[PDB]
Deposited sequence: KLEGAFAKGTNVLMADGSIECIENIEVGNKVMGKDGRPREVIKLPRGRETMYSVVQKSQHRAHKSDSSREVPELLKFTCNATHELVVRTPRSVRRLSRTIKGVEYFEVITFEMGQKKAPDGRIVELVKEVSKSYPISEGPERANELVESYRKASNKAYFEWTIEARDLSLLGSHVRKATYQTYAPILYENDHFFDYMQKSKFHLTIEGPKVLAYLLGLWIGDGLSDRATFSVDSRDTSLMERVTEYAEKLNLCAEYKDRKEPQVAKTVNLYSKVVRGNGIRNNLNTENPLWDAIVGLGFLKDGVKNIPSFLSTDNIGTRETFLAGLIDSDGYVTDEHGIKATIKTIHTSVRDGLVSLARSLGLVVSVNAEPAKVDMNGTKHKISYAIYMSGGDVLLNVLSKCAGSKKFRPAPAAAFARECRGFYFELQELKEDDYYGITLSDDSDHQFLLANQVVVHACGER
């Protein structure tokens, strides 16, 4: 009964991507689980379609150039498709509670609602303050986790609607293409140092050779480079001058292993740098190390209002790939176009990717060697939680829809290519 528009990209169980119309019975799409979920039926038909998009200042790049930051968190579904949502629990006596509302069509739909119980003054203690404590203890989870057909979203009150959000899950699944490439290309620290160096190169490397820049003042980062380049058989050479007494050029010599990877893995294609898509479903440690390399190269870390890392890039291909990779780890990601710097040539626009996520981020930064980049690894084990995004629903015209049906009691959830968690009956 629930379905998506033609072209909706779905993340398959093996990490590959597939358009919704092309998935067949027997195929396996990705569960938030990182585990597979067999498609048993493919519902078709026509129905009013609704568009879902994360509420952002973006939304444009769809058939134009890539300069415009696109909004990847989106998808179109039919009127009856159930949106996987979350609304925080709240108590101020006003509260958010699971309730019911008479739908126009006469359907009785369960939804979160704002309610209030006003009782006579002079007795406040056992009065209302009795509930607050009970509500605050009602649930360990600080949020409601339920679903709601797109057509029914408009039934929610102002406060609940504005506070309700959808989620995207990290990509827990892991292919091993990075390691596979190295092995078939003929040490245990191998993948790590390679991914890191690929990070440094993507951040500020020459598009034609295995060379990039490093902070000339950051002695520990240079040690790291020398060290890592060493583990791969690279007599890494440094050269003074790069930025009016700030950066330093690094030439990694040995065919060149680092350069062969750049090309072979697709970090360079048609002279344009980028973050190959496979990275999003590859070894998690590898994704983190690559990122740390990127952060050590052209990024910064702030912690005032929560640990946060920013990566700067003039390459649109790196921008979108980074966003995808960062979210594949379960990081919260934001993008902003700002004025660009000069080097000799003047670039108009630069992209700043902001990443946050507590321990998830800490697990990336603890691999950096950058003086101000590194942060100690998490204090304990941690879960890569689902991340929420506020969205806007827009009713559209009637159109063909394609949906999938998951196995009997499986959790009825799977991920779209953009990691958004969706429902399937």
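Several segments of the deposited sequence are absent from the coordinates, namely 1-2, 95-107, 202-204, 273-286, 376-377, 460-462.
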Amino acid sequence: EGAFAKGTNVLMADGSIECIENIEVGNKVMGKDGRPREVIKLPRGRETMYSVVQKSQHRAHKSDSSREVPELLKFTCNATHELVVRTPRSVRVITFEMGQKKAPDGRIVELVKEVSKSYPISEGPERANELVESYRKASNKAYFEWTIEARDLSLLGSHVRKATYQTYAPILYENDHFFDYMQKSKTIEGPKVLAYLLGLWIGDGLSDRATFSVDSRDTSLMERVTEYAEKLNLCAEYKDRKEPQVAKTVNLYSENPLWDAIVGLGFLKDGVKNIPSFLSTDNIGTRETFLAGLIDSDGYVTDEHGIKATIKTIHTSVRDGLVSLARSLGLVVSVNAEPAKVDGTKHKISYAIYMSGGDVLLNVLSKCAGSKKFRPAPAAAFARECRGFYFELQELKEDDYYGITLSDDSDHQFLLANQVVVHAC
From here on, numbers count along this sequence of modelled residues.
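If you average the C-alpha B-factors over 267-275 and over 131-139, the higher value belongs to 131-139. Here 33-41 and 370-378 are compared by their mean Cα B-factor, and 33-41 comes out higher.
Across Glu126, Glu145, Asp303, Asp320, the entry's maximum B-factor at the CA atom is seen for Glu126. Between the residues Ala292, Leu72, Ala236, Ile353, the entry's highest C-alpha temperature factor is the one at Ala236. Sorting the modelled residues of the chain by their CA temperature factor places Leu396 in the highest third. When the CA B factors of the chain's modelled residues are split into thirds, the value for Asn363 lands in the lowest one. Among the modelled residues of its chain, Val214 has a C-alpha B-factor that falls in the highest third according to the deposited record. Remark: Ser280 belongs to the lowest third of its chain, ranked by C-alpha B-factor as recorded. Among the modelled residues of its chain, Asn175 has a C-alpha B-factor that falls in the middle third, as given in the PDB entry.
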